[PDB]
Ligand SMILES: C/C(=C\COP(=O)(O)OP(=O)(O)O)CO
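Shown below, as structure tokens, is a lone chain in the form solved without the named molecule; questions about how it binds or moves come after it.
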């Protein structure tokens, strides 16, 4: 209880709770956004969607509906028993159509999981993470002004990863990515 309590108090001293919903107009055509816009699944094949400019056509990504240009913000994501996921932030100006490698140099700050047990930060090169207990819920923490993106196990307060401090260019968006077709959705925790 003490580690959860200190995690709650820290998030109150410093970070504004963001109420993040998924924008279906940004979602790759293989993704399904839930009607309440909190949950994400994958289809067996691309669905028939317009190719509007905001849509990720290659990467299996979706954005939030609000961006950040300043300030300290957090949100929490129920990854549950998923075997695969990536979450974090990206710049408004990322390449959405052509492939680009999802790295900080290309405007992406994400961590995640592959093959049930391989936790990685998508630094370049990728950082192999050591996680003592697989997180069911992950907190994403942004400080725009200091260039900080960090990740915690939201249930026990343990730290997962902090990217090197950087300089952002333009607005940042919450980003979510799933590659697999598996029973458990990715779900955003309401603020």
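Numbering follows the first chain given and starts at 1.
There is another form of this protein, the form deposited with the named molecule bound, and it is not shown here; the text below is about that form.
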Exercise. Counting only non-hydrogen atoms, which stretch in 56 to 64, 33 to 41, 162 to 170, 145 to 153 is within 4.5 Å of the named molecule in the entry with it bound?
Worked result: 56 to 64
Seminar exercise, completed: The listed residue (96, 120, 73, 82) that reaches within 4.5 Å of the named molecule in the entry with it bound by any heavy atom is 120
Exercise. Might residue 179 be said to contact the named molecule in the entry with it bound, defining contact as any heavy atom within 4.5 Å?
Worked result: yes
Exercise. Closest heavy atom of residue 126 to the named molecule in the entry with it bound, within 4.5 Å or not?
Worked result: yes
